[PDB]
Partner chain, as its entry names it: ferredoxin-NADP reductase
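Just one chain follows, in the form solved without its partner chain, and it is written as structure tokens.
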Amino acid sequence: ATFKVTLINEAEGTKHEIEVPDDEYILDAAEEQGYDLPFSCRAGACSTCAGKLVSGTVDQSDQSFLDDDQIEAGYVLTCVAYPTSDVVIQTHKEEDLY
């Protein structure tokens, strides 16, 4: 499968659509399609690439930084997240975490 991922940057007022293989991380596909996004470790072990789901699902089992509550709230580490449906996700959400 190849899923539609809509990237929303709320502070900048942008909406960007990409197509993401079910076996590619969101961050890599965004970059390839011309949308650079924040990151640092690229390994699921920081908060730099955090996003927050609006709709749809991911498999971010490779992640380690987020706690279960944060995941429940919809936070995703985009560097290690595979889409498992069409997704709408807010980017640039690191500052929401504590």
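Residue numbers count along the first chain shown, from 1.
The protein also exists as the form solved in complex with its partner chain; that form is not presented, and the subsequent description refers to it.
Shown alone here, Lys52 lies farther than 4.5 Å from its partner chain in the deposited bound form, counting heavy atoms only. Taking the partner from the other structure, its partner chain in the deposited bound form has no heavy atom within 4.5 Å of any heavy atom of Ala30. Interface membership of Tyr75, defined by any non-hydrogen atom within 4.5 Å of its partner chain in the deposited bound form, is ruled out. Contact annotation for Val87: none of its heavy atoms lies within 4.5 Å of its partner chain in the deposited bound form. Here the marked residues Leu7, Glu17 and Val20 all miss its partner chain in the deposited bound form; none has a heavy atom within 4.5 angstroms.
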